[PDB]
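Shown here is one chain on its own, the form deposited in one PDB entry, set out as structure tokens.
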């Protein structure tokens, strides 16, 4: 009945990480549908994308999707990750962050 909270938590942890001068990495499960990522880096069914302001462009941490574009292997790429497919957000350095609990809306 109520919307999922995952995108809001993702935004808060993202900011939190940035304020602690950390490099946020999004952990995505590329097995799910709608996931548009550079599969060449996916391994064991999941991919870890650096989403720091520096490393990416046009970042939109929306409720429906996490979108952005960046160059991989020298090729411009447009990335789209349904929130359903967002596993966790960790800092590359320390590891601080969180794994998102499953939610009814993402079934």
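Positions refer to the first chain, counted from 1.
One more form of this protein exists, namely the form deposited with a partner chain bound; it is left out here, but the text below deals with it.
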| query | finding |
| --- | --- |
| 4.5 angstroms heavy atom contact with its partner chain in the deposited complex for residue 50 | yes |
| Proximity of residue 30 to its partner chain in the deposited complex, heavy atoms at 4.5 Å | no |
| Partner proximity in the deposited complex: residue 69 to its partner chain, non-hydrogen atom cutoff 4.5 Å | yes |
| Contact test in the deposited complex: residue 34 vs its partner chain, heavy atoms, 4.5 Å | no |
